[PDB]
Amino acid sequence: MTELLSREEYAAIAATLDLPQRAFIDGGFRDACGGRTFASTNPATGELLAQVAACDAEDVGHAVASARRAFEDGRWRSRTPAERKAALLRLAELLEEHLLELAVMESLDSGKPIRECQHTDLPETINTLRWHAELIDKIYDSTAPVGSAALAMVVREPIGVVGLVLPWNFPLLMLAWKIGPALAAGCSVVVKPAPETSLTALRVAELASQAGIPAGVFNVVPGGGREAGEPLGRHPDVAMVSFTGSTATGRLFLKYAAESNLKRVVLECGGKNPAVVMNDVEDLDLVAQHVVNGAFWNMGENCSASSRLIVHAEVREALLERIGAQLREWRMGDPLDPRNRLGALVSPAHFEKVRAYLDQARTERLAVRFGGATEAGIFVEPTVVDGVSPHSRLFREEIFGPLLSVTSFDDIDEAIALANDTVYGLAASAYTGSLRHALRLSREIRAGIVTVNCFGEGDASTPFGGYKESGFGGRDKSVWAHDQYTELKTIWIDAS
């Protein structure tokens, strides 16, 4: 754990930052063709941070063209895997050298607490880039068992220009989850970050040039959803799009592919993740520690967040007590105060969506056992709502904020049925002392990860992604992320 600075010292670092403002295309910064900009404001203070280039289909066309040329060049693609690894490791170094700068910049643009930006987001981003850089020259393709008269290989090739559309809850980490495997594979990429959180991706693109990523191989095009993301998804020279965000918006990229060049689309979408607590747990306070973390890490702005606590009727009350006590340890406020584990939500509009589910809870006359408060029109208290039946809108809809629903069950067959009563299937957690119960819960819950007696998303080597409406066509992290950005080729050589 790197040492945390003081509030004043972070403010001092903020004050000296030269925030990026222009798109990054073909090796350097440039304004949008139409010269428009949009406001990036610190959600916790209201202060304007920068006037960021507001790109449209014209800018996207230029960015894709510079990526297409670089791909056809071979300037990046033709380096050896060991060489591509070296350059991406250089990039990760530079991020590490600039860690405090990037951590403060991430916090300012997003509302995320500096404490977690420094200890989690930045180290996780640096480690994602290192892991995928190191992986590329460890990947073996195959030869097929075809006999002595032929030599058949089954190998992988970079798909081409790759569009990467990002959300705002983990700007840098999501950036690394995508560019890591995509760049290591030898693709050129065009990154359209969230307009709420565009600054750090722009800075990382500049650092990548310094590291020797050639011009045109890693471009960042900031702008709105319809204005910049749709032309990217529709572009006839983009070979593949990887998207993370809402299901509603991910569906559009399936249309964009269908109506353009049949580009491969991979979606990582939302979830309504359950946390199942059996009555045979060995340590209830440790469970409560994991449930609180799962529900409220990053203010609940987390695709893997625990949002449905599904708890055995005999331990519900004892668990709720220990959850309330754990919550006393979760300070919320000024994202640059290192004492805070909770910062501001990303934007007035997102704050309004979360707070609307506070209202919905009260409309449904549900018991708000903990939390329920708002501050400064941008902070929501960690909230726990008891007595939530599967028919509640709080049970069924992704809130993406610090709001935990609680549902009781009487036997494990009901817990599993409840856990699967969703159109989503991203993640799940299960808590039990029993081998029998643990095998049931981890095998029968239909989710892309099931953690047992802990909360989390795995590590750099385990794939992450959704069943059902939580994802489409792939997985982030692990060696399987490489599949997103490559085509399989059978080379069959007669030898008869």
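Sequential numbering from 1, following the sequence displayed.
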query: Segment of higher mean CA temperature factor, 274 to 282 or 145 to 153; finding: 145 to 153
query: 226 to 234 versus 414 to 422 - which carries the larger mean C-alpha B factor in the record; finding: 226 to 234
query: Member of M332, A201, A349, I136 with the greatest C-alpha B factor (per the PDB record); finding: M332
query: Which of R84, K255, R339, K192 ranks first by CA B-factor in the deposited coordinates; finding: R339
query: Third assignment of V406 from its chain's C-alpha B-factors; finding: middle
query: Modelled-residue ranking by C-alpha temperature factor, third containing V52; finding: highest
query: Position of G458 among the chain's modelled residues by C-alpha B-factor, lowest, middle or highest third; finding: lowest
query: Where the record places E259 (Cα B-factor, split into thirds across the chain); finding: middle
query: Entry-reported Cα temperature factor of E58, expressed as the chain third it lands in; finding: highest
